[PDB]
Each structure stands twice: as structure tokens, then as C-alpha cells.
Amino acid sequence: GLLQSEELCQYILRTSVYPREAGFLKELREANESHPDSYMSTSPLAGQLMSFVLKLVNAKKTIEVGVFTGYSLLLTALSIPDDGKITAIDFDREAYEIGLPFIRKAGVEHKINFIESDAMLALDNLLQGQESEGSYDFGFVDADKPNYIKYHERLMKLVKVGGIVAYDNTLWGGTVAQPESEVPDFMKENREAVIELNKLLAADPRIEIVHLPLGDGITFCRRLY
């Protein structure tokens, strides 16, 4: 992982994360384990900060791009009020169906609008008309990393001024800091994409940011205008 030791990571999770993690999330996280790409599920530690932030801002309307088996989606639904509404976009319905049973048992399916679609199409479609633009309290971008910069353009219209946009995987295995020659071939494409995204966000005068080493790296942005 990103910390000095796996033991340190496990200490944080056991001490402060797992005891406060909803039972349904645990259940989903366990179901997820049987998936061949289980590693894609959102870090429970990153999730804990997402929850904290959602509650701090009393987020009610949110959007998630990249749902997979549903851990961040369920965490978000559990964090927001009973009347909260989430727009959840992914082109993989099969993966969503792995976490859906836990979303149902948790009593929060009513909060979720799952949109099975290419993400760019879905986001641009939402930006037609007036009911979506500037309406979201919080956005989570966790889909295909080479498209993050393009998603940022849309999220910065979808999320209201003063709202939050978070990007996952912004340290990409630590590889973004390493000399390129040390990096396995399979990691290079997203390494490049994430480096470019990080530079963009750090420079963007339209946001305040915090780039955190939680899970695989997560960056929270507040929209200034």
C-alpha cells in the first residue's frame, strides 16, 4: 500500500475504521472479495473521509462516476439524509448487481438512480436543461483515469459553487512519484493520466484542494466559481 507498513494500515483500519463501518458495507466488501477485480473497491479509509465530508456539508444531492460493485455508492447513500438523491453512472451493470443486494438490505436503494451508460455521454446529457447544472453537493469521480480531466470539466459545472468533487486513485500505486523506468508496463498508462490530472488540479484557480494518501490516493476539491 501507500504507508510505510501494512501493519500500520491494518492498525488504522482495525482501530478507527472497521468498528464504525456499517454492517451492510462490511457485507458488501465481503461479497466484493469474490470478484476477479476486487481490488477496485474503494478504500474503507478513503470512504471514512468521504462520509465525514458528506456529513460536514450536509450533502443531499450527489453524483458518482464509476460504481463497480458499489462500496463507495453504498457508503455515500448511508451518509446522506433519508431524502438524499444520488446519480450513479457506470457502464457495467453486472458489477453493480454484486452490491445491489446490500444496498437493498440497508434500506437505501430509494436514494439511487443508476444510469447504465458511457460516463461522458451521461454527464453531457445531464448538462442539457436546468435541473442538473450547479445542483450537486458532492461528486465522486472514480471511473476511467485517462478521462478524469474531461470529467473535471463536467463536474465543475454539475457541482454547485462551494460543493465538493473528489477524485480517487490520485497516487496510482505510488507510481506517480517513481521514475518511469521502475514502473510495470500495466501501470504506465494510468500513471501518466494521473500525473497530468494532479498537475491540472493543483494549478486550477477555480478550486481549493487537498491531495491525501488514503487508499490509492484521493483528492478533494471545493469549487470556488
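Counting begins at 1, following the sequence as shown.
Trainee: Identify the stretch, either 72 to 80 or 126 to 134, whose C-alpha atoms have the larger mean B-factor according to the entry.
Mentor: In the deposited entry, the stretch with the higher C-alpha B-factor mean is 126 to 134.
Trainee: Per the PDB record, is the mean Cα temperature factor higher over 213 to 221 or over 5 to 13?
Mentor: It is 5 to 13.
Trainee: Take the CA temperature factors straight from the PDB entry and tell me which of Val183, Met50, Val165, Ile195 peaks.
Mentor: Of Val183, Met50, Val165, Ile195, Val183 has the highest C-alpha B-factor.
Trainee: Go through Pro179, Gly173, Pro44, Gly66 one by one and give the residue whose Cα B-factor in the PDB entry is largest.
Mentor: So the option with the highest C-alpha B-factor is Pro179.
Trainee: Where does the C-alpha B-factor of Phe91 rank in its chain, lowest, middle or highest third?
Mentor: As the PDB entry reports it, the C-alpha B-factor of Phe91 lands in the highest third of its chain.
Trainee: Determine, from the deposited record, the chain-internal third of the Cα B-factor for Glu97: lowest, middle or highest.
Mentor: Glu97: CA B-factor falls in the highest third of its chain.
Trainee: Could you place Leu158 in the lowest, middle or highest third of its chain by Cα temperature factor, using the values in the record?
Mentor: Its C-alpha B-factor, which the entry lists for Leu158, ranks in the lowest third among residues of this chain.
Trainee: Grab the CA temperature factor for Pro146 from the record and place it in the lowest, middle or highest third of its chain.
Mentor: Middle third - that is where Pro146 ends up once the chain's C-alpha B-factors are sorted.
Trainee: In terms of the CA temperature factor given in the entry, to which third of its chain does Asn190 belong: lowest, middle or highest?
Mentor: It belongs to the middle third of the chain when residues are ordered by C-alpha B-factor.
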